[PDB]
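Have a look at query-v1.cif; it's mmCIF, C-alpha atoms and all ligand atoms:
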data_final
#
loop_
_atom_site.label_atom_id
_atom_site.label_comp_id
_atom_site.auth_asym_id
_atom_site.auth_seq_id
_atom_site.Cartn_x
_atom_site.Cartn_y
_atom_site.Cartn_z
CA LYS P 256 6.53 16.48 -10.35
CA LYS P 257 6.91 13.69 -7.68
CA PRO P 258 7.02 9.94 -8.50
CA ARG P 259 3.35 8.77 -8.90
CA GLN P 260 3.38 6.84 -5.56
CA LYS P 261 4.42 10.02 -3.62
CA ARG P 262 1.84 12.36 -5.20
CA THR P 263 -0.81 14.13 -3.08
CA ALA P 264 -4.10 14.94 -4.82
CA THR P 265 -5.73 18.32 -3.89
CA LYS P 266 -8.30 20.63 -5.62
CA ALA P 267 -5.31 22.26 -7.47
CA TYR P 268 -3.99 18.79 -8.57
CA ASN P 269 -6.91 16.34 -8.50
CA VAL P 270 -7.12 12.53 -8.45
CA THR P 271 -7.48 12.33 -12.27
CA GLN P 272 -4.46 14.67 -12.84
CA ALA P 273 -2.25 12.77 -10.28
CA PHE P 274 -3.44 9.13 -10.73
CA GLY P 275 -5.39 8.95 -14.03
CA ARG P 276 -9.09 8.37 -14.76
CA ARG P 277 -10.83 5.79 -12.55
CA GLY P 278 -11.64 2.53 -14.38
CA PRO P 279 -11.94 -1.29 -14.30
CA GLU P 280 -8.53 -2.46 -15.59
CA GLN P 281 -5.79 -4.12 -13.53
CA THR P 282 -3.44 -1.31 -12.28
CA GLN P 283 -6.14 1.38 -13.01
CA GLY P 284 -7.47 3.05 -9.80
CA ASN P 285 -11.18 2.38 -9.06
CA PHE P 286 -11.64 4.52 -5.92
CA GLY P 287 -13.45 7.82 -5.67
CA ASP P 288 -16.81 9.46 -6.37
CA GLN P 289 -16.91 12.77 -8.25
CA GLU P 290 -16.40 14.88 -5.09
CA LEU P 291 -13.29 12.92 -3.93
CA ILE P 292 -11.86 12.84 -7.52
CA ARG P 293 -12.20 16.68 -7.70
CA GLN P 294 -10.86 17.47 -4.16
CA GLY P 295 -8.35 14.68 -3.30
CA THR P 296 -6.98 15.29 0.26
CA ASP P 297 -9.04 18.57 0.42
CA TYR P 298 -12.09 16.19 0.58
CA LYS P 299 -13.97 17.00 3.82
CA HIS P 300 -14.01 13.28 4.96
CA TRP P 301 -10.43 12.52 3.80
CA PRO P 302 -9.25 11.75 7.43
CA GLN P 303 -11.87 8.93 7.69
CA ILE P 304 -10.48 7.39 4.42
CA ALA P 305 -6.77 8.00 5.23
CA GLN P 306 -7.14 6.08 8.60
CA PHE P 307 -7.04 2.91 6.39
CA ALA P 308 -3.90 3.90 4.37
CA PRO P 309 -0.74 2.00 5.44
CA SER P 310 2.50 3.50 6.80
CA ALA P 311 5.48 2.69 4.55
CA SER P 312 6.53 0.08 7.18
CA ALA P 313 3.06 -1.59 7.08
CA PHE P 314 2.92 -1.41 3.22
CA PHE P 315 6.16 -3.44 3.05
CA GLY P 316 5.30 -5.57 6.13
CA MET P 317 1.70 -6.64 5.24
CA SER P 318 1.72 -6.79 1.43
CA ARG P 319 2.60 -9.48 -1.10
CA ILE P 320 5.38 -7.71 -3.05
CA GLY P 321 6.53 -8.80 -6.51
CA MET P 322 8.68 -7.52 -9.35
CA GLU P 323 7.71 -7.84 -13.06
CA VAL P 324 9.92 -6.88 -16.02
CA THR P 325 7.73 -6.21 -19.09
CA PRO P 326 7.92 -4.24 -22.35
CA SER P 327 6.66 -1.12 -20.42
CA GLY P 328 9.40 -1.32 -17.76
CA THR P 329 10.14 -2.71 -14.30
CA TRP P 330 7.14 -2.82 -11.91
CA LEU P 331 6.83 -3.40 -8.12
CA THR P 332 3.51 -5.22 -7.66
CA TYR P 333 1.57 -5.25 -4.38
CA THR P 334 -1.55 -7.01 -2.99
CA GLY P 335 -2.95 -7.15 0.55
CA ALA P 336 -5.91 -6.66 2.84
CA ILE P 337 -6.54 -4.33 5.80
CA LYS P 338 -9.01 -5.63 8.44
CA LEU P 339 -11.73 -3.18 9.57
CA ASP P 340 -12.53 -3.17 13.32
CA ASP P 341 -16.18 -4.40 13.35
CA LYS P 342 -16.28 -3.58 17.16
CA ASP P 343 -15.55 0.15 16.42
CA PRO P 344 -18.83 2.09 16.96
CA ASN P 345 -17.93 3.99 13.70
CA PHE P 346 -17.64 0.68 11.70
CA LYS P 347 -21.03 0.97 9.83
CA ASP P 348 -20.19 4.60 8.79
CA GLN P 349 -16.66 3.52 7.71
CA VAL P 350 -18.17 0.72 5.50
CA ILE P 351 -20.72 3.20 4.01
CA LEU P 352 -17.93 5.79 3.29
CA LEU P 353 -15.60 3.25 1.63
CA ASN P 354 -18.50 1.67 -0.43
CA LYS P 355 -19.51 5.18 -1.62
CA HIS P 356 -16.07 5.56 -3.36
CA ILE P 357 -15.36 1.92 -4.47
CA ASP P 358 -16.26 1.72 -8.25
CA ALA P 359 -18.29 4.99 -8.01
CA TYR P 360 -16.90 5.87 -11.52
CA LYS P 361 -19.29 3.21 -13.04
CA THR P 362 -22.26 5.65 -12.47
CA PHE P 363 -20.85 8.72 -14.32
CA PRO P 364 -18.97 9.52 -17.57
CA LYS S 256 -1.31 -0.90 20.03
CA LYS S 257 -2.02 0.89 16.67
CA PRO S 258 -4.21 -0.71 13.99
CA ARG S 259 -1.89 -3.03 11.95
CA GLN S 260 -1.81 -0.64 8.89
CA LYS S 261 -0.48 2.27 11.09
CA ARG S 262 2.29 0.21 12.81
CA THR S 263 5.98 1.12 12.40
CA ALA S 264 8.48 -1.77 12.77
CA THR S 265 11.75 -0.91 14.66
CA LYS S 266 14.52 -2.91 16.46
CA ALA S 267 12.20 -2.90 19.59
CA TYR S 268 9.02 -3.85 17.67
CA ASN S 269 10.25 -5.75 14.61
CA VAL S 270 8.59 -6.82 11.34
CA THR S 271 7.62 -10.25 12.78
CA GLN S 272 6.05 -8.62 15.91
CA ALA S 273 4.25 -5.84 13.93
CA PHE S 274 3.22 -7.78 10.76
CA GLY S 275 3.64 -11.54 11.44
CA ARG S 276 6.26 -13.99 10.10
CA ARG S 277 7.11 -13.84 6.37
CA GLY S 278 5.64 -16.71 4.33
CA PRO S 279 4.00 -17.95 1.10
CA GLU S 280 0.28 -17.69 2.06
CA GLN S 281 -1.77 -14.85 0.46
CA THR S 282 -2.52 -13.47 4.04
CA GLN S 283 1.23 -13.22 4.95
CA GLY S 284 3.79 -10.57 3.94
CA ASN S 285 6.70 -11.98 1.84
CA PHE S 286 9.06 -8.96 1.98
CA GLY S 287 12.30 -8.63 3.96
CA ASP S 288 15.65 -10.34 4.58
CA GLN S 289 16.84 -11.25 8.10
CA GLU S 290 18.35 -7.74 8.64
CA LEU S 291 15.19 -5.77 7.57
CA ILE S 292 12.96 -8.15 9.61
CA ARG S 293 15.04 -7.52 12.79
CA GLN S 294 15.52 -3.73 12.26
CA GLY S 295 12.31 -2.48 10.51
CA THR S 296 12.65 1.28 9.90
CA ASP S 297 16.08 1.23 11.72
CA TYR S 298 17.30 -0.79 8.64
CA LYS S 299 20.34 0.98 7.08
CA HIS S 300 18.65 1.04 3.59
CA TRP S 301 15.06 1.75 4.80
CA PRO S 302 14.77 5.09 2.87
CA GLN S 303 15.63 3.33 -0.45
CA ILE S 304 12.73 0.88 0.24
CA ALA S 305 10.28 3.48 1.63
CA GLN S 306 10.70 5.55 -1.63
CA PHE S 307 8.37 2.94 -3.27
CA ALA S 308 5.65 3.05 -0.52
CA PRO S 309 2.52 5.03 -1.46
CA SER S 310 1.30 8.25 0.20
CA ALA S 311 -2.25 7.95 1.68
CA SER S 312 -3.44 9.88 -1.45
CA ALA S 313 -1.55 7.57 -3.88
CA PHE S 314 -2.66 4.41 -2.00
CA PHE S 315 -6.36 5.30 -2.61
CA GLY S 316 -5.62 6.95 -6.03
CA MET S 317 -3.48 4.22 -7.72
CA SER S 318 -4.88 1.03 -6.10
CA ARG S 319 -7.72 -1.32 -6.99
CA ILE S 320 -9.72 -1.11 -3.74
CA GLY S 321 -12.35 -3.68 -2.69
CA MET S 322 -14.32 -4.80 0.34
CA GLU S 323 -14.64 -8.55 1.23
CA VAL S 324 -16.94 -9.92 4.00
CA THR S 325 -15.58 -13.37 5.09
CA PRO S 326 -15.90 -15.57 8.24
CA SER S 327 -12.85 -13.70 9.74
CA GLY S 328 -14.51 -10.21 9.30
CA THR S 329 -14.64 -7.25 6.85
CA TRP S 330 -11.47 -6.52 4.78
CA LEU S 331 -10.40 -3.59 2.58
CA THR S 332 -8.54 -5.30 -0.31
CA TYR S 333 -5.82 -3.45 -2.29
CA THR S 334 -3.81 -4.31 -5.43
CA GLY S 335 -1.62 -2.30 -7.80
CA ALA S 336 1.74 -1.82 -9.45
CA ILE S 337 4.37 0.90 -9.13
CA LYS S 338 6.69 1.61 -12.08
CA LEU S 339 10.44 2.03 -11.37
CA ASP S 340 12.08 5.02 -13.16
CA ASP S 341 14.66 3.41 -15.53
CA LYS S 342 16.16 6.98 -15.95
CA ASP S 343 16.86 7.14 -12.16
CA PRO S 344 20.69 6.76 -11.88
CA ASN S 345 19.97 4.51 -8.80
CA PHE S 346 17.70 2.10 -10.88
CA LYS S 347 20.22 -0.83 -10.90
CA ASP S 348 20.79 -0.45 -7.10
CA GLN S 349 16.97 -0.35 -6.54
CA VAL S 350 16.59 -3.65 -8.49
CA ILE S 351 19.37 -5.31 -6.39
CA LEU S 352 17.87 -4.03 -3.09
CA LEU S 353 14.32 -5.22 -3.96
CA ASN S 354 15.66 -8.66 -5.16
CA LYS S 355 17.48 -9.03 -1.74
CA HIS S 356 14.11 -8.72 0.15
CA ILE S 357 11.34 -10.22 -2.04
CA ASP S 358 10.75 -13.82 -0.76
CA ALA S 359 14.09 -13.65 1.16
CA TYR S 360 12.40 -15.85 3.90
CA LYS S 361 12.73 -18.90 1.50
CA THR S 362 16.51 -18.94 2.29
CA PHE S 363 16.19 -18.78 6.11
CA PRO S 364 17.09 -22.05 7.94
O1 LIG L 1 11.67 -12.80 13.28
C1 LIG L 1 11.43 -13.68 14.02
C2 LIG L 1 11.13 -13.28 15.48
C3 LIG L 1 11.93 -12.64 16.32
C4 LIG L 1 11.58 -12.32 17.76
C5 LIG L 1 10.57 -12.97 18.48
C6 LIG L 1 10.36 -12.61 19.81
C7 LIG L 1 11.17 -11.63 20.39
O2 LIG L 1 10.96 -11.26 21.73
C8 LIG L 1 12.18 -11.01 19.65
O3 LIG L 1 13.01 -10.02 20.22
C9 LIG L 1 12.39 -11.37 18.34
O4 LIG L 1 11.59 -15.03 13.67
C10 LIG L 1 10.98 -15.46 12.46
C11 LIG L 1 9.72 -16.26 12.77
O5 LIG L 1 8.81 -15.84 13.55
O6 LIG L 1 9.60 -17.42 12.34
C12 LIG L 1 11.36 -14.57 11.21
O7 LIG L 1 12.62 -15.21 10.98
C13 LIG L 1 13.83 -14.60 10.68
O8 LIG L 1 13.98 -13.52 10.20
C14 LIG L 1 15.01 -15.50 11.03
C15 LIG L 1 16.08 -15.53 10.21
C16 LIG L 1 17.47 -16.13 9.99
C17 LIG L 1 18.37 -15.78 8.99
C18 LIG L 1 19.61 -16.43 8.94
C19 LIG L 1 19.92 -17.40 9.92
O9 LIG L 1 21.14 -18.07 9.92
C20 LIG L 1 19.01 -17.74 10.91
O10 LIG L 1 19.29 -18.71 11.91
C21 LIG L 1 17.79 -17.10 10.95
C22 LIG L 1 10.61 -14.81 9.88
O11 LIG L 1 10.99 -15.82 9.20
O12 LIG L 1 9.65 -14.06 9.41
NA NA L 2 15.77 -8.81 -11.42
#

So, in terms of structure tokens, how does the structure I just supplied come out?
Amino acid sequence: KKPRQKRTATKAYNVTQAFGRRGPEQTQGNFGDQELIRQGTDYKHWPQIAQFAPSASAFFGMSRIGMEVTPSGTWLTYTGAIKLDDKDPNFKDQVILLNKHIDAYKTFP
Amino acid sequence: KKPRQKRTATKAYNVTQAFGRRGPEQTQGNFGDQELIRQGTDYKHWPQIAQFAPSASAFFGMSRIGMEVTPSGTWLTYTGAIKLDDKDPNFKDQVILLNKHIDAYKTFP
């Protein structure tokens, strides 16, 4: 199996299997409704989500990168923000799609 | 020009041009020494850095994702942490390489 950061979720290997249960904790993933969790990149609107994912160059160019050495190991930390184009005619639908998946786990077991 | 998150830095379109100068503010990237800044993905050790960058699936699976509406526009926020494999024979070289680039800008004239 690939390193966690290189994994690709699909119906055969879903978001929970690849990335763990969604939840509220720092360094727990919070993104995905039940349909996306189950289907990963097989999700019918995956392209409209993936348009916001950074290239490796942009991940290392845009982000605040840190390194932490703790009792669990050595961790590369990252924070950043990606600006949506509010002049894109698809902007309202993009906001609706992203909001549908952000913290969706709070509404189901 | 591509949306910022899809840009690829190269010798012709470098990290400063693609992603802005390195600096300490939360809106700036902090990653890259003078050689990676000038070369982007032409950098001789780029693969050893890119191995830590998340797939589109992992970026949305591992990260804490948010949406912030501020005076400057609408932002998709991301945070998370990637564990190094201390059983990787290249672990000690990965630590040295990441230490060369994190906040390297502090040493520039
Ligand atoms: O990267 C740039 C911009 C380059 C550029 C612009 C327009 C062009 O048309 C072009 O071809 C290139 O400069 C910086 C910026 O903007 O302040 C960028 O600095 C550096 O890496 C400098 C490092 C350094 C290290 C050791 C030294 O001894 C020394 O003298 C300098 C940063 O700190 O992020
Ligand atoms: Na160290």

Can you list, as a PyMOL selection string, every protein, DNA or RNA residue that comes within 8 Å of residue P:319 when you count only C-alpha atoms, leaving out same-chain residues fewer than 6 positions away? (chain P and resi 332-335) or (chain S and resi 281+283-286)

Near residue P:329, counting all atoms listed in the file, which residues have an atom at most 9 Å away, once you skip same-chain residues fewer than 6 positions from it, shown as a list in words? residues 322 and 323 of chain P; 337, 338, 339, 340, 341 and 350 of chain S

Keeping C-alpha atoms, export the residues of the selection given above as a PDB file, in the frame of the given file.
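Saved result, out.pdb, follows:
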ATOM      1  CA  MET P 322       8.680  -7.520  -9.350  1.00  0.00           C
ATOM      2  CA  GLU P 323       7.710  -7.840 -13.060  1.00  0.00           C
TER       3      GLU P 323
ATOM      4  CA  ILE S 337       4.370   0.900  -9.130  1.00  0.00           C
ATOM      5  CA  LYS S 338       6.690   1.610 -12.080  1.00  0.00           C
ATOM      6  CA  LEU S 339      10.440   2.030 -11.370  1.00  0.00           C
ATOM      7  CA  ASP S 340      12.080   5.020 -13.160  1.00  0.00           C
ATOM      8  CA  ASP S 341      14.660   3.410 -15.530  1.00  0.00           C
ATOM      9  CA  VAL S 350      16.590  -3.650  -8.490  1.00  0.00           C
TER      10      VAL S 350
END

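Here atom CA of residue S:308 is placed at a distance of 28.2 Å from atom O9 of ligand LIG 1 (chain L).
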
Collect all residues with atoms no farther than 12 Å from ligand NA 2 (chain L), counting all atoms listed in the file, and output them as a ChimeraX atom specification. /P:321-325,328-331 /S:346-357

For the residues in the current selection, export C-alpha atoms as an mmCIF file, in the coordinates of the input.
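So part11.cif came out as:
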data_model
loop_
_atom_site.group_PDB
_atom_site.id
_atom_site.type_symbol
_atom_site.label_atom_id
_atom_site.label_comp_id
_atom_site.auth_asym_id
_atom_site.auth_seq_id
_atom_site.Cartn_x
_atom_site.Cartn_y
_atom_site.Cartn_z
ATOM 1 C CA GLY P 321 6.530 -8.800 -6.510
ATOM 2 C CA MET P 322 8.680 -7.520 -9.350
ATOM 3 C CA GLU P 323 7.710 -7.840 -13.060
ATOM 4 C CA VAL P 324 9.920 -6.880 -16.020
ATOM 5 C CA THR P 325 7.730 -6.210 -19.090
ATOM 6 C CA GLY P 328 9.400 -1.320 -17.760
ATOM 7 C CA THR P 329 10.140 -2.710 -14.300
ATOM 8 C CA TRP P 330 7.140 -2.820 -11.910
ATOM 9 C CA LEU P 331 6.830 -3.400 -8.120
ATOM 10 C CA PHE S 346 17.700 2.100 -10.880
ATOM 11 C CA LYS S 347 20.220 -0.830 -10.900
ATOM 12 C CA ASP S 348 20.790 -0.450 -7.100
ATOM 13 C CA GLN S 349 16.970 -0.350 -6.540
ATOM 14 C CA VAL S 350 16.590 -3.650 -8.490
ATOM 15 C CA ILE S 351 19.370 -5.310 -6.390
ATOM 16 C CA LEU S 352 17.870 -4.030 -3.090
ATOM 17 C CA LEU S 353 14.320 -5.220 -3.960
ATOM 18 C CA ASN S 354 15.660 -8.660 -5.160
ATOM 19 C CA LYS S 355 17.480 -9.030 -1.740
ATOM 20 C CA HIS S 356 14.110 -8.720 0.150
ATOM 21 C CA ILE S 357 11.340 -10.220 -2.040
#

Can you tell me which residues surround stretch 263-274 of chain P at a distance of at most 8 Å, considering all atoms listed in the file, apart from same-chain residues fewer than 2 positions away, and format the answer as JSON, numbers by chain? {"P": [259, 261, 276, 277, 284, 291, 292, 293, 294, 295, 296, 297], "S": [310, 311, 312, 313, 316, 317]}

In Å, with one decimal, what is the gap from atom CA of residue P:278 to atom CA of residue S:307?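 Separating atom CA of residue P:278 from atom CA of residue S:307 is a distance of 22.9 Å.
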